[PDB]
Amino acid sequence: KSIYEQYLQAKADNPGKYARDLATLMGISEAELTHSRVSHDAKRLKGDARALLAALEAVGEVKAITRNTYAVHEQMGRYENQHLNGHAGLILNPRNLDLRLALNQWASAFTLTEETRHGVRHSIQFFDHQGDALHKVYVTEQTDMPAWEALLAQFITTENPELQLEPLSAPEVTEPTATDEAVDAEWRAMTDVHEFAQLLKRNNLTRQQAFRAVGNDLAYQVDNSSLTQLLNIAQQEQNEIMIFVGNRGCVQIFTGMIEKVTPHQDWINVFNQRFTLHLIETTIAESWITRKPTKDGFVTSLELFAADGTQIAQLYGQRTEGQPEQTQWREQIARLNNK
């Protein structure tokens, strides 16, 4: 009868399924599922994700989890070097917790205390106005428990009002305005990778339309098995790469070396001491190599797309401002099979 009771049933009937997939089966958002777990193993937290994020600085090392349908990014680190604003904010800690955030998308927050076989798990979970997961923070061995308890004591509220869910506000524009040769020209004139965003906006283009518009020297397709090849090559050579995984409200950035790559069924997995990637390899519909110009030379990336055009993940070589990308990265990309 009750949504919680439905949840208990779905969990019993699907012992292999995470909160997210149990919500789908149940036909609700993950946020609304969490709302039903209040008074059981969850509590509502006082709004303003900016206030919760700022406060998380006090708790030291935690595990941050960001995902989309196709890719899960889990990263050890700390909520420091914060620059928070509504449209664009950052948690800037290269090789640790590196987030780009659109806080205007952050709507609700809950805390979970759940006993499991492995042991008690404590987490803070942020949801968007569609009730989808934006960001989760899990307590770890090094977490400052006094600070975490004082945070929860500050932010927990008795009032758990119904989630104000907002209808989808996807791009849904299409209508490419400018010409192919003009897009190719604008791309070759870029001095920084951040201009590429403004290029797509200015020319009312999707990334995959921009990628098809330009010359095969700037953007070309490679096999969808390309992600697994790169991961294994980086793992053998121990060079530093970047992995981006994003949703509508949060992008999480890994920088570091790949310690181990393990396939499992349809998943491709990276298991590091401080980072985990889970990606559904079989949902990669399009794999693009792009070369975008900067002051410091060309930056080469592998960009992965699902059949509906969802951005699974992007890979780059490690690079600081004023430094080129490594040749090693380019030579790894060069070993990937074109189409």
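All residue numbers refer to positions in the sequence shown, first residue = 1.
Engineer: Which is higher on average in the deposited entry, the C-alpha temperature factors of 163-171 or of 229-237?
Structural biologist: The stretch with the larger average C-alpha B-factor is 163-171.
Engineer: So 126-134 or 84-92, which one's hotter by mean CA B-factor in the entry?
Structural biologist: Higher mean C-alpha B-factor: 84-92.
Engineer: Can you tell me which of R67, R44, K295, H278 has the maximum CA B-factor listed in the PDB entry?
Structural biologist: Answer for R67, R44, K295, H278: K295, with the highest C-alpha B-factor.
Engineer: When you compare the CA B-factors of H118, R248, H73, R78 as listed in the entry, which one comes out on top?
Structural biologist: Across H118, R248, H73, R78, the entry lists the biggest C-alpha B-factor for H118.
Engineer: For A150, return the chain-relative third of its C-alpha B-factor as stated in the PDB record: lowest, middle or highest.
Structural biologist: For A150, whose C-alpha B-factor we compare with every modelled residue in the chain, the answer is the lowest third.
Engineer: Please place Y18 in the lowest, middle or highest third of its chain by C-alpha B factor as given in the entry.
Structural biologist: Its C-alpha B-factor belongs to the highest third of this chain's values.
Engineer: What third of the chain, by the recorded C-alpha B-factor, contains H35?
Structural biologist: For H35, the deposited C-alpha B-factor lands in the lowest third.
Engineer: Can you tell me which third, lowest, middle or highest, the CA B-factor of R291 falls into for its chain?
Structural biologist: Answer is middle: the recorded C-alpha B-factor places it there.
Engineer: Could you place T140 in the lowest, middle or highest third of its chain by Cα temperature factor, using the values in the record?
Structural biologist: Middle third, going by the recorded CA B-factors of the chain.
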